[PDB]
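Chemist: How does the following fold in three dimensions:
(chains A and B)
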Amino acid sequence: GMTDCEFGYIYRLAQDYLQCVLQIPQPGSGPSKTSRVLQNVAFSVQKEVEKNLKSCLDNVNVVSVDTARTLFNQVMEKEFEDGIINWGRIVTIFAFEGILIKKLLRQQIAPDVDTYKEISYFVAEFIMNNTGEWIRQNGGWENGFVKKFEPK
Amino acid sequence: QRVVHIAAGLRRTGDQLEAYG
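Modeler: Residues are numbered from 1 along each chain as shown, chains lettered A, B, ... in the order given. Dropping the coordinates below:
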């Protein structure tokens, strides 16, 4: 409900999206309705950004989780420096973590299967600390995000 | 500069999605 702006919920969203990108959907009850809606819109954004920024993205080597974290935080800082938060921008956070995990899969110097869990963690830390209050004031994931992006 | 360019592209795509999606 309203607690969906807390770290655990956001972490699960970020982890679900990376597992989608990596094609490792996990067994069990399956992703939440929110996560299902997010995966479609974020993937559409991710493919658009991959095409639009292809020349730039091919000139960055994401060789470690620490490089991924620093780059993610650098990019997020500049993306959000104007103080504007909206749902479209929040979607691009997930799209960008999907871009990072794909590069890591190809370029990580010492590959480690738990890496996407570390990416999910620093993504959730950014979303919660920098947009969590806005998310709450705008209905959370269930009453804000899903209402904007679910099928009509 | 690569950080600035990526951030600006994400911002532009996000603001477009906000206004249309």
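Chemist: switch to C-alpha atoms for all contacts and neighbour counts from now on
Modeler: Will do.
Chemist: What separation is there between residue A:11 and residue B:15?
Modeler: For residue A:11, the distance to residue B:15 (Cα to Cα, to the nearest Å) stands at 24 Å.
Chemist: Quick one: name the residues of chain A near chain B.
Modeler: A:45, A:49, A:52-53, A:56-57, A:71, A:74-76, A:78-80, A:86-92, A:148-149 (Cα under 8 Å from any Cα of the partner chain).
Chemist: mind listing which of these are in helices?
Modeler: Within the residues of chain A next to chain B, residues falling in helices by DSSP state H are A:45, A:49, A:52, A:56-57, A:71, A:74-76, A:78-79, A:87-92, A:148-149.
Chemist: Filter those residues down to the buried ones, PyMOL style.
Modeler: A single PyMOL command selects the buried members of these (16 or more other Cα atoms under 10 Å in any protein chain shown):
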select buried, chain A and resi 45+49+57+71+75+76+78+79+87+88+89+90+91+92+148+149
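Chemist: State the helix or strand in which the residue nearest the centre of chain A lies.
Modeler: The residue lying closest to the centre of chain A (Cα atoms, centre = their mean) is residue A:94, at 2.1 Å. For residue A:94, the host element (DSSP states H and E) is helix A:87-107.
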